[PDB]
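A single chain, nothing else alongside it, follows as structure tokens in the form deposited in one PDB entry.
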């Protein structure tokens, strides 16, 4: 009977959602192997939410090895229609400061080595990622931030997230180049997660937590190393207040998302043309 309309995918610094009631863990098997950790289900004011720690318990996974296809497939099997990804990012812009949040509206996928589709091997589909972060969810995030009355920082909307492979932080020349491409924040995880969520017909948007300037800033002075985890911990607690507010808005407003029908004019291979093995592997994504 385990079902949730709304999921939170928690990034660096988010290993649990403390405030959920009647917490219970579910191990979901998928055709893509195991998700990053058992998915936690609980209620935030009677609204059932699924919480998935992207890096697993103890932060055991690097961005490149996160099982993105299992995680999105598992959330699909729970009936999730809305995902909020909560991710630590570096800032590429002077006006986006540590402890600010950013709700990007665009993304550029610079990742190299990640499987970034559920398709292939028997089924062809080409979803549009023109608007890769659902504006109805992004608008909710903006009002959720304001509703949370956060003491530190501000929230910026309409930014571009560039996703890199990792795990190392960027060289200065790479940071300069991402700036020239008009990117605003940098992270390692929201691709291929945004692509996969779209293929799975799930509305997906990102609440980014600015943890520092990328390296385009000479952090050289002895005043940089340990504050950086402490601000990651402060960001994470601010993020929890924002999520509380956002879950409330999604539950009451239930916005229509273009993601919800993304597969239907993108699927090239008719379901009747798929092999038994292909249909079985794609079962939760197909109408």
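Shifts are known only where both forms have a C-alpha. Here, rigid core means the biggest group of C-alpha atoms that superpose within 1.5 Å across both forms. Numbering follows the first chain given and starts at 1.
- According to the PDB record, 230-238 carries the higher mean C-alpha B-factor of the two stretches 253-261 and 230-238.
- For the pair 75-83 and 147-155, the mean Cα B-factor is higher in 147-155.
- Comparing the listed residues 89, 202, 215, 133, the entry records the largest Cα B-factor for 215.
- Reading the B-factor column for the CA atoms of 61, 246, 225, 52 in the entry, the top value corresponds to 225.
- When the CA B factors of the chain's modelled residues are split into thirds, the value for residue 109 lands in the lowest one.
- Sort the chain's modelled residues by C-alpha temperature factor and residue 39 lands in the middle third, per the entry.
- Ranked by Cα temperature factor within the chain, residue 56 sits in the middle third according to the deposited record.
- The PDB entry assigns residue 174 a C-alpha temperature factor belonging to the lowest third of its chain's modelled residues.
- Placement of the Cα temperature factor of residue 94 within the chain: highest third of the modelled residues, per the deposited record.
This protein has a second form, the form deposited in another entry, left out of what is shown; the following refers to that one.
- Measuring CA movement between this form and the one not shown with the rigid core aligned, the set 224, 261, 254, 62 has one residue at 2 Å or more: 224.
- After superposition on the rigid core, the Cα of residue 16 moves by 2 Å or more between this form and the one not shown.
- Whereas the displayed form keeps them at a certain spacing, the CA atoms of residue 12 and residue 155 lie at least 3 angstroms farther apart in the other entry.
- Compared with the form shown here, the Cα atoms of residue 12 and residue 57 sit 3 Å or more closer together in the other entry.
- In sequence order, the regions between this form and the one not shown where at least three consecutive C-alphas each move 2 angstroms or more after rigid core superposition are 11-19, 220-226, 228-230.
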